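Chains as they are written, first to last, in the authors' numbering: chain I, 1 to 204; chain J, 1 to 195; chain X, 1 to 195; chain b, 1 to 196; chain N, 1 to 196; chain Z, 1 to 222; chain a, 1 to 233; chain Y, 1 to 212; chain H, 1 to 226.
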Amino acid sequence: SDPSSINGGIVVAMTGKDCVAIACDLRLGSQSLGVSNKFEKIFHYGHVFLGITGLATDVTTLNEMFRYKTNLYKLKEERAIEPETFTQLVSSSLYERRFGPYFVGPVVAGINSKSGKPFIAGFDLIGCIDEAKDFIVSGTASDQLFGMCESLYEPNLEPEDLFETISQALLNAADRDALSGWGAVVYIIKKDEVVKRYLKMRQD
Amino acid sequence: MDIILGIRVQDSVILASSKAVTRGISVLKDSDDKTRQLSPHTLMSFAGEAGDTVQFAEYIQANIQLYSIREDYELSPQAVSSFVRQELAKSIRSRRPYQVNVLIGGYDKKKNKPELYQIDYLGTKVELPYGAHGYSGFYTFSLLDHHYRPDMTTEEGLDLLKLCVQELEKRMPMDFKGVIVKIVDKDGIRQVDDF
Amino acid sequence: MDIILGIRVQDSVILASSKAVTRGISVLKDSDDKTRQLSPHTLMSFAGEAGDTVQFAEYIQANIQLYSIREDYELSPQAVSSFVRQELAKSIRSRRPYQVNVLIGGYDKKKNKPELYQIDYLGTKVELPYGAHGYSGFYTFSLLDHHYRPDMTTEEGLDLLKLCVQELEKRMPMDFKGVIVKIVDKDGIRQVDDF
Amino acid sequence: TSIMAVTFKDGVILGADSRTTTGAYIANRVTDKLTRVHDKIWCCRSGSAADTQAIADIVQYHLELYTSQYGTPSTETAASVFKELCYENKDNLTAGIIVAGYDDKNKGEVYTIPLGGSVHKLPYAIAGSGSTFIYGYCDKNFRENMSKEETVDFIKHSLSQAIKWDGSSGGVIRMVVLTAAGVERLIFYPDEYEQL
Amino acid sequence: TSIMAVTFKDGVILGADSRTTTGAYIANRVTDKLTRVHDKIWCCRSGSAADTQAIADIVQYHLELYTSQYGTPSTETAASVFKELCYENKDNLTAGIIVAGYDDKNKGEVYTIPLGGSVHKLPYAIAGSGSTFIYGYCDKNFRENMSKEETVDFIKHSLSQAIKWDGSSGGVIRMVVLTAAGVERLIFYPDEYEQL
Amino acid sequence: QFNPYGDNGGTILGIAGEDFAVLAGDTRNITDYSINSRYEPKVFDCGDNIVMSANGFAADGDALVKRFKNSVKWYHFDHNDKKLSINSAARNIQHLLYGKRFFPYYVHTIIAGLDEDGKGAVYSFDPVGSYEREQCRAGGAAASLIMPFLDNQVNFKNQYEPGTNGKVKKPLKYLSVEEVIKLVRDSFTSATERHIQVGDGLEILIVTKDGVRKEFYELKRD
Amino acid sequence: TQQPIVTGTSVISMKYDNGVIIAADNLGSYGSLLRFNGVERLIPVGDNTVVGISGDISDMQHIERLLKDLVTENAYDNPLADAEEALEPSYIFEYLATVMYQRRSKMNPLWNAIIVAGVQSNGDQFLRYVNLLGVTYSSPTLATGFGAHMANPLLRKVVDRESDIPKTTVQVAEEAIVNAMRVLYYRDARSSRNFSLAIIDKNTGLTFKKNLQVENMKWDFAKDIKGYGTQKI
Amino acid sequence: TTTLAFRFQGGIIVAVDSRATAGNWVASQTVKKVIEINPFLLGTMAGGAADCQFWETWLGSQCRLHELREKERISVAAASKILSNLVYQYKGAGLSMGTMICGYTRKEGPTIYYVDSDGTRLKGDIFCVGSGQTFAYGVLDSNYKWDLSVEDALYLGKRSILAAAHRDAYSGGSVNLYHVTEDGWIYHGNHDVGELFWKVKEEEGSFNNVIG
Amino acid sequence: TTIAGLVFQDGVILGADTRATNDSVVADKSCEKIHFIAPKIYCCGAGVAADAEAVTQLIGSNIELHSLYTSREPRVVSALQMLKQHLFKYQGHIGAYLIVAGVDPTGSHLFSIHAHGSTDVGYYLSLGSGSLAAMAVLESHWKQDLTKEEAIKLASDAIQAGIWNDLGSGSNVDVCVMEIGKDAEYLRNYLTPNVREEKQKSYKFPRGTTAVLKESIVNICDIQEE
Ligand SMILES: *[C@@H](CS(C)(=O)=O)[C@H](Cc1ccc(CN)cc1)NC(=O)[C@H](CO)NC(=O)[C@H](CC(C)C)NC(=O)[C@H](Cc1ccccc1)N=[N+]=[N-]
Ligand SMILES: *[C@@H](CS(C)(=O)=O)[C@H](Cc1ccc(CN)cc1)NC(=O)[C@H](CO)NC(=O)[C@H](CC(C)C)NC(=O)[C@H](Cc1ccccc1)N=[N+]=[N-]
Ligand SMILES: [Mg+2]
Ligand SMILES: [Mg+2]
Ligand SMILES: [Mg+2]
Ligand SMILES: [Mg+2]
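Shown next as structure tokens:
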């Protein structure tokens, strides 16, 4: 009945030294029934990454919508959109459905190509922006992720350390949530290379 | 409508769909085909609210057939499933939504690969090796988790499907009156008349 | 519990009762006997709410067995049915009523006559040539109205009962997993093991 | 209903309208809402007529039995018995009672018992649906130690306004005067009080 | 809220308390409920603050546009515009407005517009939650053709009682005097009016 | 309608070491968005080297602790001053809780102490008396924040030996009392940052063979 | 289960170096009607305890009688009733707290919030709260209803923790309480100007002050406030 | 919650998972859903955690009192009926229980009784109870025969819980195994699903749906 | 949320805390609740955060276009009138509660706006869940002709009362000072009374602690070209 907790899933994003990390679980369910163990929740439009938790039909719809909008942006502007601008675009697009919202918890992550500055942001379902220095959490195990991030995180982690911190934040949060898990993916993002890693986790 | 199953094997997709049509107290029919051919190499099975199921299926069928004539070309199973998902995703925020869940089984002639898509009434799409809608999956996914292999032949896929149907006939309360089975491969769509 | 049928022929009463026990999603059992022997020549089949059915049946069984020992005598089917009706009629105005419907099939050794009583959870008693509870009667009474004769043999009664069960298997939505059949006559109670 | 009790120099006066309504129909236009629980202890009733009658009858029984054993009860004692019934049965009662009485020791006393079953001793009290419209008037015009004629005018003018504005109130203004001299009943008709 | 408008010899006076509550919390203790729709046509607002502000702003707009085309509108015309908004949108409004104004031809006039959207021309009017407590007082003490000083006292004493009994009312008593001489604002503080 | 239940917030945490146990709880007491008290003790010494906390609705918590304390007193009278073992205490609490199965104590109860072999023990109950012996348990408002952290740090979950690919788990160890208290303090500091009902102060009761010792630490008061 | 009818608003209180202060206005409201203007809601028990009660007044009057009856009962067969066996604040509180919780557990609560303020035999300050649910807590400042939201923030600026109690004199504490009562009169729609204040000191005993009034009120700024936005007159 | 018990040539297999939930919150991954009533009786627990623990512990006391009074081991039929008659008294009050009473006695042989909180009591050869029952049934019904080796039967019970632990969100943690014989019950260990799953995937070649 | 505004000698000042919450969890520890409308007009927001943000941005956008059109400095009454007419239209469904303050050619102004479209005029105001804590302080200490130094002290004290005593409010204090004839000064993180204390341990893991199934490079660039 609660749309944000039918399908389940989580996204977490963290900043490090000259890098950002964004990670998500792979579960898609119908409440108790697990359906898919390959449902990725992180997408990218050029060098800007967007994670989306919540109702899966809206996750898919919004991905298709932001692909559409960022493609037109690029044709007109003659450059790829930046994380700060994309954040405002996500907020705008969510709030225009104020009284019939998409049931989602989006998370933006990326590095500004000009300034080199790491950037992360989170939103509620109607577009209120939370721009964080440290980390953003989203999904059915957001409380669990807040607990993990708030204790595990420290500022200015190197990419290969940040990988370990975000992975352990995701994995241990997911294992305390019935509707999250079934696999996980972690993106480590630097100014001009991005590494994607699939994690080994318990499959229950 | 009750049980719709799908299983993608090596070189084909097999869709099994129950034959019963029950209106409350009585079983009105025991030979109902809960499927439409969208294109020569793409089949869609469906289940959900009465009336909405067939209306939706035939509406999709007409649109894909219209595309085929206009371009003199068959859309890929992926493209058909994305079209179907968008229609359902548009539907869910309407005045009166389509309450229809579908499986789309297709053979992609370009990639020479079978493909099975599961889409629910909300517009939730997933590509799977095997799929089901409603209560069917509760019984059958544990079997398919155990016995499925990606390199199975069509005959092995049918034997695995018999085991799914036997389990449903043993443990489900409703008499769904057996299943019509259809195979989708490189040569097109054909019905297995003895099951 | 779903289907319970009864038919009184020339020299016997035949009770047919479904074998399925369903708890919501799954069929937990397919060999359940929904009957108790109250006395050597009196059998009671039952259907209704889970737990209440067996608790009530066994409570009646104990009381009739207690009567039999005290008086060294078997109560008539009529007397047993009146006892059962009063217990249900007392029940309906309780804090928590028994939700149980019963058929009582008996052979009266004094009158040399088979007797079938149908009693619902309210305590509504009726003597009948054939009876049913729940949705069973909707399908089967029209058959029995057509084919029944009072002078039928036990074999003819069983053939007429097969026709009732076939109709139920064709038109009912729930799979009730066939029936256990029992015959009550002058020699007592016996089960037809192949049906 | 509009009811009030007012202490003055010589004792206390109870006052009430005479209207009983069932919705917008006036079931009784000459009701007596001033009721006797003892010789010089009376009460004004508001709320459920069934409930206030049942209570008043029980109180009269208790004070009669008190008098047989312990002599004349105080007005405070009467108010306490009213309170005990109202408070202990608050879930099943809709009763708003004003208790008024005359001792020779204490002189005039007024106790009000609203819905909850609390007790409040006051110089004067007003209650019933029509009382809302005269809080302003009564507060401005009440003085302590008024004469009998002044207190009768104060009650007459007050209930006149309550009656004027409240549809649930109307009819005659009944009054009961409690002094050392005894018990005097007064009645005032529409043609008198409406032209005030 | 306690509000009232009173006609007198030289014109009309509007009066109001200054309390705005959200439940039992006093959101604003110095509210100005006397609001100007034209030079010498004012109104007192009660009910939903959002609704009465929205209405009053629309009326001010209509009378400004009226004045540009047809000269100074009558108080009756202002009351009619208030009525039209209140009546036609009765399903979506909770507004109880008193309209008061001064012409030289008609002198002081008062119109009251309760929840339904009806209009009633009166010598004086009272409204708001606190008005229930002063119907008795105001009816007894109002006279026609009072002086300015008498009418100020009448309003001050009336709203003093309304404030005393109503929890929803309180703060300062604001008044606005409308005569040929012009527009005079008056204010009266708790230490003045509470001791009356 | 009268609602007999309320929520006084708070969070509690039990950890079982090798030869000790801790039961910690924040000292903030709240209703809705108001602070009732910044120091209202929630974890109690019940005698017989057992510590107890019943977090949730504070009135039911106080009632339960009061009844268990009394149960310890009467166990002494009835059984010749015999020490109530932690396992026996746990079973006794189950019966206290289940006695109100149809009008529950709206609390999450944790007790800590030493078992009969001298090893550390923590027991945790649901509101109607289902219980389990555990090595690690947080209860209350921020239990969702704290428990995944404890799974990771106390029980070494999802942590593997580096270089083993992912086939040798980090091996389980008992923590020192000093290590446990560091993890307790960091759990509550973290929980205080992200949960509005957690804060003000942290009171830890440590149970060893020597007895019950207390430690108090300030938490953020916003 | 009932609903409160005639009600009393905030009771506020705080500890200071040698004792406790408690205060409460003299109003009995009947919904929005300010019905009864002479209601005493601070009820002394002996010379060492004051029980301040808010909420339903009929239930308050019941509690008042239980406490009066408690003093009588304590005196029975007790030669030290006015000495070592006199009633303590902690005894009076625990009794009330037992009653409150028992009544909520029978689904028939006394619809009140109670603060027991007093000084114990050994000179210790006692200040504890209990309400209709049987929920109890203690703190250097305590307040019920609107006082919790408005008085506590002001009183906590004086005594923010336990260590501030010995630094706070009776003049400073009373000043803080009297200011808090004024703030409540500005902002609580179900409050009154007239109030009672009680000081329980370990040296000077129980001082009970009746018929106090909120004074030094700021209203003058009101004259300049005009309209609700754009109005200039 | 996934619990199962089945009868075969070599006795009874009983397997259960170990997860407890409060909604979508995973309360615990180390819960005991099997109660050891005596050397020849086992009780499985599904439904309310407190309701099962309390009444199945109470059942054990009633079974002990029977053998003191009658100088004889309680029958599986009698034990199951004590519990079913108890829960029936509480019917409508809101108790939540799904349970299996499994044991051997000389007079009965190996016996399984399903008992639940709405008063149902059934004797049978195979039962699965809990939110993950359908998943367990799928695997169990396909590979069930009367004459499995004790080794194969133990594996099937283990594998059936694993299948449910995977698919059912509310089932997981670990698998507890039991085998009931003429001589009594025998514990066959606690098997963590986070290790078992990968082990089974590799050796069996199943779970091809997973990224491994 | 604790937001407040008050007037002083030749200006107006706004204050706000920096905590955003979802039920009982703290979503944001450092958020800006003082929104921008014009160079010398600011808006404190409470209630639904997205709504308060969106409504100020929209009115701010329209105020800018109005200012360009009329070639004048925008007035606070224009922002006030536009905000209230928008909020009234939506009947409280836009759950924004705002304190608007600013300077313009008319002078200095301070207003409050409620979600249903009602407005107030005041010399000191507060809104949000911490309003009662803040108003207690403002009622105790506000006077006429405050200096700027006294005004900043009182405003920050009013916000602090909310931070400590209200669970809804927390973290830091933001202030904005708008004085006649001067540039408005926006003072984010004016007070920082809730810095997290240093942790007992570092939870940085040994590398290779996490088990990994696969690795791959993601192509984020356009066309790798020949
Ligand atoms: C699975 C059953 S299921 C999902 O198929 O219904 C387990 C089986 C089980 C678990 C534990 C034990 C013994 N300890 C035996 C069997 N059951 C559960 O997970 C149940 C599902 O409802 N969980 C509970 O009963 C939980 C257990 C706690 C440890 C979390 N308790 C509650 O849900 C209660 C509910 C409640 C009761 C009274 C008042 C308020 C709330 N506690 N909580 N929250
Ligand atoms: C305090 C307001 S209060 C407690 O006094 O009502 C702040 C004011 C505020 C915060 C942030 C900003 C940012 N520009 C501006 C003003 N308001 C909040 O903390 C609100 C309280 O509802 N928080 C939210 O709206 C949060 C924001 C986070 C997601 C960043 N949103 C949710 O909780 C959503 C929103 C929601 C909105 C309307 C109605 C119900 C729920 N819920 N969800 N999901
Ligand atoms: Mg999980
Ligand atoms: Mg007032
Ligand atoms: Mg906090
Ligand atoms: Mg699972």
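Using N, Cα and C, we set each Cβ at its ideal position, and we do this for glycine too.
Boundaries of the alpha helix (DSSP H) around Y/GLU67: 49-70. For ligand 3, the residues with a Cβ under 6 Å from any of its heavy atoms are, in chain order, I/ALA174, I/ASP175, I/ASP177, I/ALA178, I/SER180, I/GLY181. The alpha-carbon separation between Z/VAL43 and Z/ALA89 amounts to approximately 16 Å. Per DSSP, Y/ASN190 is one residue of the beta strand (DSSP E) stretching across 184-192. DSSP places J/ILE64 inside the alpha helix (DSSP H), whose first and last residues are 52-71. In the structure shown, a/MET14 falls within a strand segment according to DSSP collapsed to helix, strand and coil. The beta-bridge partner set that DSSP reports for H/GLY102 consists of H/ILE41, H/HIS109. Nearest in C-alpha terms to X/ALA50, of all of X/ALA20, X/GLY6, X/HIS41, is X/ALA20. A distance below 6 Å between beta-carbons, with the five flanking residues on each side excluded, links Y/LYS91 to the following residues of its chain, in chain order: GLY119. Taking a cut-off of 8 Å on C-beta distances, the stretch 36-47 of chain b touches the stretch 92-105 of chain b, as three or more cross pairs fall below it. Closest by C-alpha distance to H/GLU149, out of H/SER216, H/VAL12, H/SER112, is H/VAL12. Cβ proximity to chain H below 9 Å picks out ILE189, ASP192, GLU193, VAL194, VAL195, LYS196, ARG197, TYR198, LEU199 from the stretch 188-199 of chain I.
Look at the stretch 118-130 of chain H: the residues with a C-beta under 8 Å from a C-beta of chain N are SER118, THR119, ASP120, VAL121, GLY122.
At least one heavy atom of ligand 1 lies less than 7 Å from the C-beta of Y/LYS33. At a threshold of 7 Å, Z/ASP126 counts as near ligand 1, since its beta carbon sits closer than that to one of the ligand's heavy atoms. Just so you know, the alpha carbons of X/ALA16 and J/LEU128 end up roughly 46 Å apart. The continuous beta strand (DSSP E) containing Z/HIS108 extends over residues 107-114.
When 9 Å is used as the limit between beta carbons, a/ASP56 is near these residues of chain b: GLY116, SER118, in chain order.
If you check the CB distance, X/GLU115 and X/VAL13 come in under 8 Å. Per DSSP, Z/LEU145 is one residue of the alpha helix (DSSP H) stretching across 143-153. Here N/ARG185 has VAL176 as same chain residues with Cβ atoms under 7 Å from its own Cβ, once five neighbours each way along the sequence are excluded. Closer than 9 Å at the C-beta level to chain X, one finds these residues of the stretch 163-174 of chain J: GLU169, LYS170, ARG171, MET172, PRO173, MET174. The closest heavy atom of ligand 6 lies less than 7 Å from the beta carbon of I/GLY34.
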